[PDB]
């Protein structure tokens, strides 16, 4: 017999990402900074490294879309689903999609892209939702208001159980 094997984690520590397109809501620079910071959340506590490609195929393809956007997991207009990411693997695996019917922001006027991305990249790297209400991987968006972010121990332990410490 055969089962459908899940890639519990990336086989390699060096991963690439590409920002395929950009939301109207923020400047290119703000979007770039948010995603770079979101990846750094996870690379700061593991041996994972992330490099940005501008062209061609990358491990983690990032894009903004609405409704049906090419994977038959359609978004739903404003509210509800904000974004989704595929677990580690080839092709769509690792990819992260953001619903552009949401308002994305570098601050608090809408959904903070950095925070949502950091959460979604968790999925991209092999983490499921946490039951710890304080964890980044807890399935509820919140915005602290503070200009610095500390990855909670629950997420540190989860990601390091897959990849080890930095």
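Residue numbers count along the first chain shown, from 1. In this text, rigid core is short for the largest set of C-alphas that superpose within 1.5 Å between two forms.
Of 93-101 and 66-74, the stretch whose C-alpha atoms sit farther from the shown form in 7 other deposited structures of this protein, after fitting on the rigid core, is 66-74.
In the comparison with other entries of the same protein, residue 18 is given coordinates in all of those covering both sides of it, so it never reaches the one-third threshold.
Per the compared records, residue 145 is unresolved in at least a third of the other entries whose models span it. When the two stretches 93-101 and 137-145 are set side by side, the higher mean Cα temperature factor goes to 137-145. Just going by the entry, 124-132 versus 110-118 on mean CA temperature factor gives the higher value to 124-132. Placement of the Cα temperature factor of residue 46 within the chain: highest third of the modelled residues, per the deposited record. For residue 151, the recorded CA temperature factor ranks within the highest third of the chain's modelled residues.
In the deposited entry, the Cα temperature factor of residue 15 sits in the middle third of values across the chain's modelled residues.
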